[PDB]
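Below: one structure, written as structure tokens.
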Amino acid sequence: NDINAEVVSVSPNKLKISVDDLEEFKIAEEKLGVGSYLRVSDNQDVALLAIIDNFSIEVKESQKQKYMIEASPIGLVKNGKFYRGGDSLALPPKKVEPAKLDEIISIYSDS
Amino acid sequence: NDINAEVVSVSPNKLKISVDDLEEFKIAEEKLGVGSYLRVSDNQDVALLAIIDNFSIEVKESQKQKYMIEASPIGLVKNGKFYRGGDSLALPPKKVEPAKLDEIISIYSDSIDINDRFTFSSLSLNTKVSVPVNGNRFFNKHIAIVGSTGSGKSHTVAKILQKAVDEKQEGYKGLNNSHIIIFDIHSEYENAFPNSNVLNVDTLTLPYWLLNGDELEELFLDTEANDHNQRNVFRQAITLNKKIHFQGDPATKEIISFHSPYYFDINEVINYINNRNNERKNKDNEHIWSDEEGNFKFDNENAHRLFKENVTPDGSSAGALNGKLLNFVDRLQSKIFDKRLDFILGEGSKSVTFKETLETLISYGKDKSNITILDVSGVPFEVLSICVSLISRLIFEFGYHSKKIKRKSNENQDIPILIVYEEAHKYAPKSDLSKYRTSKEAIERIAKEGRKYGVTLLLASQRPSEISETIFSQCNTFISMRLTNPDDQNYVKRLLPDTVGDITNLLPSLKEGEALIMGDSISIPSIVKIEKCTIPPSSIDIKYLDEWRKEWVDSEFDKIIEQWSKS
Amino acid sequence: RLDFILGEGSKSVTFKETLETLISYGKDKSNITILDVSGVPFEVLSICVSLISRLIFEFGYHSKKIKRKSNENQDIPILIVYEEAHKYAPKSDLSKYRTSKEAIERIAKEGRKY
Amino acid sequence: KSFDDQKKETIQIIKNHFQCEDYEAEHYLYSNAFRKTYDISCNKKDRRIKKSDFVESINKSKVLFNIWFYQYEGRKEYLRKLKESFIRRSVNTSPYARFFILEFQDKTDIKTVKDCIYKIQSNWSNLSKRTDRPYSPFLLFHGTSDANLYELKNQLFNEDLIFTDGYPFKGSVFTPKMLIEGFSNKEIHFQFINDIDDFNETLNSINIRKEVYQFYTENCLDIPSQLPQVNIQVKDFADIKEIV
Amino acid sequence: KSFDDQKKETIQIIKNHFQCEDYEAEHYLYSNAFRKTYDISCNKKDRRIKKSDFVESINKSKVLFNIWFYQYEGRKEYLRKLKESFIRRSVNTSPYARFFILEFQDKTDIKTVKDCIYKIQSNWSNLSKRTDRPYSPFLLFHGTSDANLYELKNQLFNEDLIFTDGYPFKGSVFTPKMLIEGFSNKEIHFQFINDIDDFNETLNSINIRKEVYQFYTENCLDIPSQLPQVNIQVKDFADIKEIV
Ligand SMILES: Nc1ncnc2c1ncn2[C@@H]1O[C@H](COP(=O)(O)OP(=O)(O)O)[C@@H](O)[C@H]1O
Ligand SMILES: [Mg+2]
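Chains as they are written, first to last, in this note's numbering: chain U, 34 to 144; chain G, 96 to 662; chain X, 477 to 590; chain V, 76 to 319; chain L, 76 to 319.
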């Protein structure tokens, strides 16, 4: 794979994502920025988009890297159509990858 | 089973619930969200019901998933009857299930009588349950509908009013008793209420003589100057002009004052004040004038002669008010000559009647309608505070004088009146500036005292923070569409009683048409989905891109300039 | 320095020619009219801004008086760009800028519908 | 009665006949009715057929492949209408025992069918190391030689897609409890039901909700009717990946 | 044409023909064409050459050294030009199997080779203890005698630059997996591939993305072409310290 991120905690308006494996560094620089968009789903049909709000990458002397991403679920997509919503539930754990080009485009073009 | 949750900790107004199994995932999607309802009991006849304030689903490596639900007990259900109150205590552990449809229905259908229910919305999480409000307590206590632009504030205002108009008592056909006045800054409600009287600047004639002492001085005098001589001559010119135009019983004539609502001609008042600016006296301190009928001396019998412009001063020394009103007269006729004020200060205000003005405002004239829409889009902004204050005071004082007839007849008030204030922060700002002072006190006296006189508010504003806290607190019913400004969010949090966990950050995430109603009208504060307007409040506005896309127009520019010269 | 406002050309110019100049409806039509007010003296700059902003708004005000009489779709929408808008419309209530404050605030409050 | 206007009328008269939902009145009931129209176009001696025979035949549990809307909508549009109509997903798909029956011929190569397996495995499984209820898809392949079926299983194991089939060693009988244990096993990516006889033996040993997503081109099995079935006829195996 | 006009049309014929980018045209294809024209003009035997022959003569996987581009801009400016063209760097360096093939000859001092190794070691390795993905460069030397080659490895060991070479003990066969664990070993600073036969065996044992950087003077080894390649000719070995 390229990135193995995963939702570990769910709040009413807040998502905590743990990045377990980051084999491609270029995903972290561009696609995991402060305001970048993540898709939160276990399938490529229906997804929950979240924008990042904060992150922390901590490394220790013998422990594994602790890359945590803090996000907020701005909306939801079904088959490439984005619906802005509130408190739509994603039951953890959920596979997290950066949102595709057509998904980010559909946030601004659909309205 | 599908759901296995139980209460692990209680507090005075607070339950902590641990979901243990969650076998069926769609229970968590729609029945375990924030604002949903939970049945907390060990049997199936007596239970408490609980709103959901917060939740947290922690998942980790080896231990079980930690789904904790933060709930607050909203009341008590006993054998199909719901009883409000968090006083009843659940001793933990208590089995927790999502509330059934009949339990959520009984929450709102028990605190309100069958004839007191005013339904205009349904619950957002459960469509199949409608959310009625105490329609007496909904309208008698003032309503404040707040939210950002594009949140559906005007559709919600109209849907409340269409349900108020369309509802009727059984056994009669025709119009109902409701009376609603809308101050329309954006001209939206004309399409929403097609069979209603609509008054814009071109047709609505507001008499200037109906302005009281504060409003007449606000329109013409300067508060910052505060000139006692200019104020005194303005009062006595207006008071005398009201007397000489009075056609009635002499006993009524003697009690006519500056504040009494009688017709005076503003052109004659300007002439009198301009005359007393040209005052000249002889060597006996009496101002002597000469006109067509002959020489006369300024006194109470001859002061009406100064309303005519064609008089000349005849005195050796300068008069008492000579050379003191030149700035006042120039300000006085600057307002009159402006064509934008022709609806309030023009020739149409001469022929209008005090009774006809009242019939126009609440639509009691030839054409009667429950909804009166005041399209004040064309009103210039410096007199928007004047015109709103005039109509609000003309309605409050009519509401007050309705009650004083009815107490002599030992009856209650026959008609109640609702006034809707779109863009309510412009009339009543938090700022203590004098330019919006008169519109504040008109809405102040309705907010503080109009409850007893059948005059109430519907404060519909985009920026609730700019509204004065004194008028916003007198409102008791609060509908929040969507607030995204953090200053707006924090002000409303400080203005919303109790209700922790529901108003916190649900308001930014509310969808369009989705609202939070609270107050004494509704049983509990709940997130509702306001039902769709089949006849929406559409405002006809200029689509710049569609007009800019087309051809550069050439025939139009010549027509604009020539009519500007004509007008 | 004030020849543009108080010269011999200001007396001879007509009212229609002024609105062809400020809007570019004259001999050479243009989508954008740039009023280079850098050479305008600073003491009269608010006077020139308020005069033009009043004239442009009143053109749009009388635009609607045509439009109900003729009942025609054709419309002239105008956007005004105020570079350095803080000095034409200051928070201070000084008399040096209340002319340009009032003209801009009329456009900000009423100019949406005109 | 235009092309679109007549299409709206036949949907409403179908919905009046069955009193059913609209998602399968257009995508499942209308498509099967059109197929029987062209099926009787070869021999057209019958114009008056009783409603107990023609309507009964088109009201199967199977969604037949229509070539005309395959050409009129297109390849991408037709498969998109099979997404939103039958294979409906949520954000929070539950751990159900999902069964995927796929039809195998010898003309289909292994590489295309592998790409359907990784499509099914990545979309219908949550083998997360943090989850408490992991689920894995059940795969059944049929209509093929055993040499081609065993060949597909061998290359699936070599690229680290660990599966189980109820045969943990040579000479083992079909023990079905490896499939249910492999369903909740985080290290088993999917289940591999070998043939028809192991499918019915597996169904009696699972108590949670079972869904069957059959995808066929020529032949379809008579699976029992109490569990939910979702059957799509496709033109080729390459269309199954864009459907699931 | 003036000197400020004909140079920026000299690349446009190659650039539009090969549809290449900026860096591999002005520094990789122009510079080879300049050198390939002098050695055919200074020769007094043949001048005629086909344009298709000239296409394949300069489009080799090699950055040819150019003498005239050494005094025109200087020693510092030429190595700066070669630095940012093919050895572009990022903030985060990926844990890749980078192979460095440096030409060691007998005229080169051992010391000048040594500071090239520390320059490669300090640039292309992250042997921090907090790394969960440590990496370290592979070093290959060719063209030198084994006595001079073994002398270089002995001095590297005395000053605590610990390396592995695939021979963990005396008399061992070449085990390529000692280079593999040394790549992820924090205590091993680099890998020291001995000869070209050891180099091809190590490539088959690497599954992650690998890159090759060759720096030579006269003779250049042939790497298989599917790998990323950087083959840069220099005047002497001391230039390699200032480009990597
Ligand atoms: N109850 C509702 N249900 C669905 N959509 C609504 C509802 N109310 C308003 N809307 C939509 O929201 C949009 C915003 O309208 P409105 O809220 O009236 O604007 P504003 O809040 O600025 O007055 C409208 O175009 C309307 O289509
Ligand atoms: Mg509105």
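We put the CB at the ideal spot given by N, CA and C, even for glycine.
Open item on the list: Measuring straight from C-alpha to C-alpha, what distance separates residue 127 of chain U and residue 52 of chain U?
Closed with: The residue you call residue 127 of chain U lines up with position 94 of the first sequence. The residue you call residue 52 of chain U lines up with position 19 of the first sequence. In a straight line, the C-alpha of residue 127 of chain U is about 12 Å away from that of residue 52 of chain U.
- [ ] If I'm right that residue 166 of chain V touches residue 69 of chain U with Cβ under 8 Å, what's the distance once you round it to whole angstroms?
- [x] For the purposes of this step, residue 166 of chain V is taken as the residue at position 91 of the fourth sequence. For the purposes of this step, residue 69 of chain U is taken as the residue at position 36 of the first sequence. With a contact defined as Cβ atoms closer than 8 Å, residue 166 of chain V and residue 69 of chain U miss out at about 20 Å.
- [ ] May I ask you to list the residues that DSSP assigns as paired with residue 50 of chain U?
- [x] Position 17 of the first sequence, counted from the first residue, corresponds to residue 50 of chain U. DSSP lists U:40, U:102 as partners of residue 50 of chain U.
Task: Per DSSP, the bridge partner or partners of residue 253 of chain L - done: If you number the fifth sequence from 1, residue 253 of chain L lands on position 178. Beta-bridge pairing links residue 253 of chain L to no other residue.
Task: residue 353 of chain G in three-state terms, based on DSSP - done: Here residue 353 of chain G is taken as the residue at index 258 of the second sequence, counted from 1. Note: residue 353 of chain G maps to coil in three-state DSSP.
- [ ] Run the CB neighbour count on residue 432 of chain G, radius 10 Å, all protein chains shown included, and call it buried at 16 or more, exposed below.
- [x] Sequence index remark: in the second sequence, residue 432 of chain G carries index 337 (1-based). Burial call: exposed.
Task: Those runs of the alpha helix (DSSP H) which lie wholly inside the segment 340 to 395 of chain G and span at least 4 residues - done: Complete alpha helix (DSSP H) runs here, min 4: 345 to 349, 361 to 372.
Open item on the list: For a test of your reading of the model: does the CB of residue 165 of chain L fall under 6 Å from any non-hydrogen atom of ligand 2? Yes or no.
Closed with: The residue you call residue 165 of chain L lines up with position 90 of the fifth sequence. The answer is no for residue 165 of chain L.
Open item on the list: Using the three-state DSSP reduction, which class does residue 323 of chain G fall into: helix, strand or coil?
Closed with: The residue you call residue 323 of chain G lines up with position 228 of the second sequence. Of the three classes helix, strand and coil, the one that applies to residue 323 of chain G here is helix, per DSSP.
Open item on the list: Which residue marks the beginning of the beta strand (DSSP E) containing residue 550 of chain G, and which one marks its end?
Closed with: The sequence position of residue 550 of chain G within the second sequence is 455, counting from 1. 550 to 556 is the span of the beta strand (DSSP E), which, as asked, contains residue 550 of chain G.
Task: Members of the segment 118 to 139 of chain U that neighbour chain V once the beta carbon cut-off is set at 9 Å - done: 121, 122, 123, 124, 125, 126, 127, 128
Task: Whole-number beta carbon distance between residue 571 of chain G and residue 46 of chain U, since they are thought to touch under 8 Å - done: Numbered from its first residue, the first sequence carries residue 46 of chain U at position 13. Numbered from its first residue, the second sequence carries residue 571 of chain G at position 476. Actually they do not touch by this definition, with Cβ atoms about 29 Å apart.
Task: Shell residues, 6 Å Cβ cut-off relative to heavy atoms of ligand 2 - done: G:248, G:249, G:281, G:283
Open item on the list: At a cut-off of 6 Å, would you count residue 608 of chain G as near ligand 1, judging by its Cβ distance to the nearest heavy atom?
Closed with: Walking along the second sequence from the start, residue 608 of chain G turns up at place 513. Yes - ligand 1 has a heavy atom lying nearer than 6 Å to the Cβ of residue 608 of chain G.
Open item on the list: If you measure between the beta carbons of residue 284 of chain G and residue 444 of chain G, is that distance less than 7 Å?
Closed with: Numbered from 1 along the second sequence, position 189 holds the residue referred to as residue 284 of chain G. Numbered from 1 along the second sequence, position 349 holds the residue referred to as residue 444 of chain G. Their beta carbons are not under 7 Å apart, which means residue 284 of chain G does not touch residue 444 of chain G by this criterion.
- [ ] Label residue 123 of chain G either buried or exposed according to how many other C-beta atoms from any shown protein chain fall within 10 Å of its C-beta, with 16 as the threshold for buried.
- [x] For the purposes of this step, residue 123 of chain G is identified with residue 28 of the second sequence, where counting begins at 1. Buried, by the Cβ-count rule.
TODO: Examine ligand 4 and report whether any of its heavy atoms sits within less than 6 Å of the Cβ of residue 245 of chain G.
DONE: What this structure holds is ligand 1 and ligand 2, not ligand 4.
TODO: Pull up the distance between the alpha-carbon of residue 498 of chain X and that of residue 510 of chain X, whole angstroms please.
DONE: Locating residue 498 of chain X in the third sequence gives position 22, counting from the first residue. Locating residue 510 of chain X in the third sequence gives position 34, counting from the first residue. Their backbone Cα atoms lie some 9 Å apart in a straight line.
Task: For residue 285 of chain L, the residue or residues it bridges with in DSSP - done: Taking the first residue of the fifth sequence as position 1, residue 285 of chain L is located at position 210. BP columns for residue 285 of chain L point to L:172.
- [ ] Examine the Cβ distances between the segment 573 to 580 of chain G and the segment 247 to 264 of chain G and report whether three or more of them are shorter than 8 Å.
- [x] yes
Open item on the list: With a threshold of 8 Å on Cβ separation, who are the neighbours of residue 412 of chain G within its own chain once the five nearest residues in sequence on each side are excluded?
Closed with: Translated into positions along the second sequence, residue 412 of chain G becomes position 317. Only 375, 376, 377, 378 meet the Cβ criterion.
Open item on the list: Does the structure place the segment 155 to 175 of chain G close enough to the segment 131 to 143 of chain G that three or more beta carbon pairs sit under 8 Å?
Closed with: yes
- [ ] Taking residue 82 of chain U and residue 136 of chain U to be in contact with their CB atoms under 8 Å, please state how far apart those CB atoms are, rounded to whole angstroms.
- [x] Taking the first sequence and counting its residues from 1, the one referred to as residue 82 of chain U is at position 49. Taking the first sequence and counting its residues from 1, the one referred to as residue 136 of chain U is at position 103. Rounded, the Cβ-Cβ distance is 7 Å, consistent with contact.
Task: Proximal residues to residue 110 of chain V (C-beta, below 7 Å), its chain only, five neighbours per side dropped - done: Along the fourth sequence, read from residue 1 onward, the residue named residue 110 of chain V stands at position 35. Excluding sequence neighbours, residue 110 of chain V sits near 139, 141.
Open item on the list: For a quick check, are the C-beta atoms of residue 136 of chain L and residue 266 of chain L less than 7 Å apart?
Closed with: Along the fifth sequence, one-based indexing puts residue 136 of chain L at 61. Along the fifth sequence, one-based indexing puts residue 266 of chain L at 191. Result no, Cβ atoms of residue 136 of chain L and residue 266 of chain L do not sit closer than 7 Å.
Task: Residues from the segment 63 to 96 of chain U in contact with chain V, defined by Cβ distance under 9 Å - done: 73, 74, 75, 76, 77, 78, 79, 80, 81
Task: Per-residue burial, residue 582 of chain G [other beta carbons within 10 Å of its own, 16 or more giving buried] - done: Indexing the second sequence from 1 puts residue 582 of chain G at position 487. Exposed, by the Cβ-count rule.
Open item on the list: If you follow the alpha helix (DSSP H) that residue 422 of chain G is in, where does it begin and where does it stop?
Closed with: Stepping through the second sequence from its first residue, residue 422 of chain G is reached at position 327. It spans 421 to 432 - the alpha helix (DSSP H) in which residue 422 of chain G sits, taken as one unbroken run.
Task: Residues of the segment 542 to 572 of chain X with Cβ closer than 7 Å to any Cβ of chain G, in chain order - done: 542, 550, 551, 552, 553
Open item on the list: Could you check whether the segment 511 to 524 of chain G touches the segment 537 to 557 of chain G, counting it as contact only if at least three pairs of C-beta atoms, one from each stretch, sit closer than 8 Å?
Closed with: yes
- [ ] Whole angstroms is fine: what's the gap from residue 226 of chain V's alpha carbon to residue 184 of chain V's?
- [x] For the purposes of this step, residue 226 of chain V is identified with residue 151 of the fourth sequence, where counting begins at 1. For the purposes of this step, residue 184 of chain V is identified with residue 109 of the fourth sequence, where counting begins at 1. So the two alpha carbons sit approximately 11 Å from each other.
Task: Buried versus exposed, by CB contacts within 10 Å (16 or more), residue 502 of chain G - done: Locating residue 502 of chain G in the second sequence gives position 407, where the first residue counts as 1. Classification of residue 502 of chain G: exposed, given that the 10 Å Cβ count is below 16.
Open item on the list: Looking at ligand 1, does it come within less than 6 Å of residue 535 of chain G, judged from the CB to the closest heavy atom?
Closed with: By one-based count along the second sequence, residue 535 of chain G stands at place 440. No, since every heavy atom of ligand 1 falls outside the 6 Å radius drawn around the Cβ of residue 535 of chain G.
- [ ] Please compile the residues from chain U whose C-beta is within a distance smaller than 8 Å of the C-beta of residue 273 of chain G.
- [x] Start at 1 with the first residue of the second sequence, and residue 273 of chain G comes out as number 178. Near residue 273 of chain G there are no residues of chain U at all, since even the closest Cβ is about 34 Å away, more than 8 Å.
Task: Where residue 143 of chain V falls, given that 16 or more other Cβ within 10 Å makes a residue buried - done: Working through the fourth sequence from its first residue, we reach residue 143 of chain V at position 68. Under this definition residue 143 of chain V is an exposed residue.
Task: Beta-carbon neighbours of residue 204 of chain L, restricted to chain U and to distances below 7 Å - done: Here residue 204 of chain L refers to the residue found at position 129 of the fifth sequence. Proximity of chain U to residue 204 of chain L at the Cβ level (cut-off 7 Å) is accounted for by 94, in chain order.
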